[PDB]
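Asks: Curious how this folds, go ahead:
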Amino acid sequence: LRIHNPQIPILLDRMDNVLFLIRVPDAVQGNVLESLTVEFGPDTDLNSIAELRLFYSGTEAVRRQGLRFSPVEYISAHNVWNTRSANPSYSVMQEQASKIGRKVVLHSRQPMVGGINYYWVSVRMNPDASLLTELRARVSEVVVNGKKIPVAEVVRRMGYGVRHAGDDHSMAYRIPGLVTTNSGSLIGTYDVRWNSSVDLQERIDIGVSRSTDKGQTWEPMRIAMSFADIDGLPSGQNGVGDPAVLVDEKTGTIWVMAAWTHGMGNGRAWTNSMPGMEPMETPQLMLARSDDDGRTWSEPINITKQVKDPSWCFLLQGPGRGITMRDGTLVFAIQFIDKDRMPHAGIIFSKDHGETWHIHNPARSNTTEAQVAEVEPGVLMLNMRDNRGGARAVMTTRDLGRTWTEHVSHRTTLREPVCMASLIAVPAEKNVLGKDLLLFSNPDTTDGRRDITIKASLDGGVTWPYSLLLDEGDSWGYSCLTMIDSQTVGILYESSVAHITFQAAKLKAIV
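Replies: Residues are numbered from 1 along each chain as shown. Here you go, the structure:
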């Protein structure tokens, strides 16, 4: 008998969350799993827990290869009819408890099938529980047919599903970006993929979720940018996506940069984009600004003619977030497909608070999505998705992209499955550790998007000896980081439990 505690976020806004997965390998037909006791750690706040229920799932398919802790996904992150509770057709509730003591006993009575039997324990939190709650629990005993068969450290963390599949009648949400305003508000940005999860071209708008209480609650979604019916073309041929967001820091202005595709049938923009300058010729590089803390958004500003070389097939921002430099320069990461269809990553910047923008030179060939951070005063570090595979490319520039210098961590220190990644810099004076800090988040693998992990470095990205695993499950993998306050990191990412998941974690739990 085995018990697995999955390292996945426990969502405050869910009615079910997988706490324990239980596989009974070779049961005797008719034997009853009579009781099961879960024991919470001494420091666990029991007032934060609303409910605990035991579920009996069925048996297993005979040809399913390997040790498995479930026959199917119990709680869907894609079923637009229910992403918040367990699918009743996969799990049969055996008992549920609302009086949560230090120990909670759950009973079943189910006769049980010969061979593999699946059980699991769900936990529902109070919707107002602290997002910094750490939940330590274990199955202290299991009783099967009168016997206390043996059972044989996982720290669970909370989250909030800022966007679920089907929310507000949108099939999917993707490409998260996250920043903190000058007033302490959190701005979450993302694709609103209405008809499906497919990339541009399609009906896609830029959505914004705003929180003023460090992520405990999120205000209803706002459409910060849309071109639904610009020239009478279908909104499905007027999509805008892959947003990047930044805060000016001196002005307080919030900027969102996104790529608007016009026409293009129902094909993919990455391969159908062609050179030129006009909207019908090539995708447009668009900006939208908010000067009231993200509540209201301006009409789109088209900066294509400012920075796009006519020979490029495609110019777009690097999705996620941008930065303000110490000297006031606003900087986004950008990527462009050149005339030969070779992609390059770079940076776009403005020295006049967003009124005008400039691009110098590409950092590296055959790279796409990137994020930029100021490791040292006047030194920008570009961390790039590299098509060669296996590892992030890392380069630094002191002249805003005129010349680029390889970093020692380049193609070495940060593995990836070729996926978007987030990088931010936190000055010593702005965090509880009192040291210059880099924070990095991506799927910590070389193959497959899973194991979303925050990594920290105390020596400018040469070494990353601190990490925090957030999500075991498979996901679409994109993520974005910000500092909530001096003590806590916030991450908005595509998880195995919600299309757009927010989590907060104490800096001291990582370092």
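Asks: drop to CA atoms for contacts and neighbour counts, all remaining ones
Replies: Fine.
Asks: Stretch 373-385: how far from the chain's middle?
Replies: Relative to its chain's centre, stretch 373-385 lies at 21 Å (CA atoms, centre = their mean, to the nearest Å).
Asks: start at 564 instead
Replies: In the new numbering, first residue 564, that becomes stretch 936-948.
Asks: which other residues reach it?
Replies: Here stretch 936-948 makes contact (CA atoms under 8 Å, 6 or more residues apart in numbering) with 886, 888-889, 896, 908-909, 930-935, 954-961, 963, 981-984, 986-988, 1001, 1023.
Asks: Tell me which of those fall in strands.
Replies: 886, 896, 908-909, 930-935, 954, 956-960, 986-988, 1001 (DSSP state E).
Asks: With adjacent residues omitted, what lies nearest to residue 730?
Replies: residue 643 (7.6 Å; CA to CA, 6 or more residues apart in numbering).
Asks: for residue 773, same thing?
Replies: Leaving out its chain neighbours, the residue that sits closest to residue 773 by CA to CA, 6+ apart is residue 750, at 4.9 Å.
Asks: Next: residue 1035.
Replies: Spatially, and ignoring its direct neighbours in sequence, residue 1035 is nearest to residue 1014 (4.6 Å; CA to CA, 6+ apart).
Asks: what does residue 726 give?
Replies: residue 1063 (4.9 Å).
Asks: all strands for the stretch 764-913 of the chain, in order.
Replies: 767-774, 785-788, 803-810, 817-823, 847-853, 864-865, 877-880, 883-884, 886-887, 893-900, 906-913 (DSSP state E, counting those that start in this stretch).
Asks: Run the angle between the last one and strand 956-960 for me.
Replies: Using axes from the mean of the first three to the mean of the last three CA atoms, to 10 degrees, one finds that strand 906-913 and strand 956-960 are set 30 degrees apart in direction.
Asks: And the contacts of strand 906-913?
Replies: Strand 906-913 has contacts (CA under 8 Å, 6+ apart) with 892-901, 919-933, 935, 945, 947, 963-964.
Asks: same question, the fourth one
Replies: Outside of strand 817-823, the residues within contact range by CA under 8 Å, 6+ apart are 744, 769, 790, 801-811, 846-854, 856-857, 878-880.
Asks: that older thread, hang on, the residue nearest to residue 726 packs against residue 730?
Replies: No: when contacts are counted by CA atoms under 8 Å, residue 1063 is not listed as touching residue 730 (10.9 Å).
Asks: More neighbours: which of the two?
Replies: residue 1063 (29 against 17; other CA atoms under 10 Å).
Asks: any idea how far that one lies from residue 599?
Replies: From residue 1063 across to residue 599, the span is 33 Å (CA to CA, to the nearest Å).
Asks: ditto for residue 1014
Replies: On the measure of CA to CA, residue 1014 and residue 599 end up 29 Å apart.
Asks: Of the two, give the one with the bigger neighbour count.
Replies: For residue 1014 and residue 599, the more surrounded residue by other CA under 10 Å is residue 1014, and the numbers stand at 23 against 19.
Asks: so what's the more buried one up against?
Replies: Residue 1014 sits next to 1006-1008, 1032-1037 when contact means CA under 8 Å, 6+ apart.
Asks: List only buried entries from these.
Replies: In terms of neighbour count (16 or more other CA atoms under 10 Å), the buried residues within those are 1006-1008, 1032-1037.
Asks: follow-up on the earlier one: next up, the contacts around the residue nearest to residue 730.
Replies: Taking CA under 8 Å, 6+ apart as the test, what residue 643 contacts is 727-730, 734.
Asks: Now it: phi and psi?
Replies: For residue 643, the backbone dihedrals (degrees, to the nearest 10) come out as phi -60, psi -10.
Asks: separation between it and residue 946?
Replies: The value you get for residue 643 to residue 946, if CA to CA is used, is 35 Å.
Asks: repeat for residue 858
Replies: For residue 858, the distance to residue 946 (CA to CA) stands at 31 Å.
Asks: just residue 746 next, same as before
Replies: 28 Å.
Asks: now do residue 909
Replies: As defined by CA to CA, residue 909 lies at a distance of 10 Å from residue 946.
Asks: which residues pair with residue 583 across the strands?
Replies: Taking DSSP bridges as the rule, residue 583 bridges to residue 684.
Asks: tell me the contacts of it?
Replies: With contact taken as CA under 8 Å, 6+ apart, residue 583 is in contact with 566-569, 683-685.
Asks: could you redo the last one with a cut-off of 10 Å?
Replies: By CA atoms under 10 Å, 6 or more residues apart in numbering, the contact list for residue 583 reads 566-569, 601, 617, 632, 682-686, 700-702.
Asks: buried subset of these?
Replies: Burial by neighbour count, 16+ other CA under 10 Å: within the contacts of residue 583 this picks out 566-569, 601, 617, 632, 682-686, 700-702.
Asks: Residue 605: what secondary structure?
Replies: When classified by DSSP: H, G, I helix; E, B strand; the rest coil, residue 605 comes out as coil.
Asks: Would you check that it makes contact with residue 701?
Replies: No: Residue 605 lies out of contact with residue 701 (CA atoms under 10 Å); the separation is 11.9 Å.
Asks: For the stretch 964-1074 of the chain, which segments are assigned as helices?
Replies: Using DSSP state H, counting those that start in this stretch, the helices found in the stretch 964-1074 of the chain span residues 1070-1073.
Asks: So which residues of it form strands?
Replies: 968-969, 978-979, 985-989, 1000-1006, 1015-1020, 1029-1034, 1042-1046, 1051-1056, 1063-1069.
Asks: Quick one: closest of those to residue 663.
Replies: strand 1063-1069 (24.2 Å; CA to CA).
Asks: Could you export that closest one as PDB, CA atoms only?
Replies: The C-alpha coordinates for strand 1063-1069 follow below in PDB (Å, rounded to 0.1, in the frame of the first residue of the first chain):
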ATOM      1  CA  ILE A1063      -3.700  31.000 -14.700                       C
ATOM      2  CA  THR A1064      -2.500  30.200 -11.200                       C
ATOM      3  CA  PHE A1065      -1.200  32.700  -8.600                       C
ATOM      4  CA  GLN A1066       1.000  31.600  -5.700                       C
ATOM      5  CA  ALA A1067       2.900  33.600  -3.000                       C
ATOM      6  CA  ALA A1068       5.900  32.200  -1.200                       C
ATOM      7  CA  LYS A1069       8.200  33.700   1.400                       C
END
